[PDB]
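Enquirer: So I've got this experimental structure, pasted below with the sequence.
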Amino acid sequence: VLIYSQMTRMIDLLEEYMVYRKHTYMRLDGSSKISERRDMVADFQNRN
DNA sequence: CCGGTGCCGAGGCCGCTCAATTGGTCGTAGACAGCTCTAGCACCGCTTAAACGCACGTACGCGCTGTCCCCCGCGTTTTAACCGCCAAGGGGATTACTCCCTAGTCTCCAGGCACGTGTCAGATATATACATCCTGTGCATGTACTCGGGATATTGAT
């Protein structure tokens, strides 16, 4: 599943919840650097 | 004719999205702690010898203390050149970029002068007798301050 949101505040609350429950949490927002983006995007193919 | 109302244009709100800043971690290497004599050496203990520092009177001037008179300060007035503010033209110091080059590193080399010791001798402290140059005192007089009156500037207003 790919969850899409808009508000960073919302995203943060969602993060808090995804840390409360253990479903893993991988994000790539606009505040993330381009290198971190590229990294996560390489991971999300060829990683499960 | 004027007025309601749609259409368009602008102002206001909110929010990311992205690019620039600054404290935290890794890491390695030359330099602050710290014996180790040593080493000879200043510092301390232990003596006296001489003189300067200190205190007591005591003589003797140089600071505080009281009285008249004008000269400088206080206080007012008007007015004017200057201070302070504002505004516009333009030059030049600023900022950023590429290119050149000599500072910086370190390496190697080596001969000149800092630096210490050893030797010895003459320049300098020191004591005493000699004596004369400088210093306090006293006193004549003249260069210079002061007052008064006539030159030559030296500013301001027509």
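Expert: Now that the structure is in, tell me what you want to look at. Numbering: from 1, shown residues only, chains lettered A, B, ... in the order given.

Enquirer: Now the phi/psi pair for the most centrally placed residue in chain A, please.
Expert: Against the mean C-alpha coordinate of chain A, by Cα atoms, centre = their mean, the closest residue is residue A:27 at 1.3 Å. Dihedral pair for residue A:27: phi -130, psi 160, per degrees, to the nearest 10.

Enquirer: can I assume it is in contact with residue A:8?
Expert: No - between residue A:27 and residue A:8 there is no contact under Cβ atoms under 8 Å: 10.3 Å. The way it works is simple: take the backbone N, C-alpha and C, and place the C-beta from them, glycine included.

Enquirer: before we move on, which element is the spatially closest residue to residue A:5 that is not a sequence neighbour in?
Expert: Closest residue in space to residue A:5, ignoring its immediate chain neighbours: residue A:11 at 5.2 Å, by Cβ to Cβ, 6 or more residues apart in numbering. Taking DSSP states H and E as the definition, residue A:11 sits inside helix A:8-20.

Enquirer: Name the residues of that helix that are buried.
Expert: Residues residue A:11 are the ones in helix A:8-20 that count as buried (16 or more other Cβ atoms under 10 Å).
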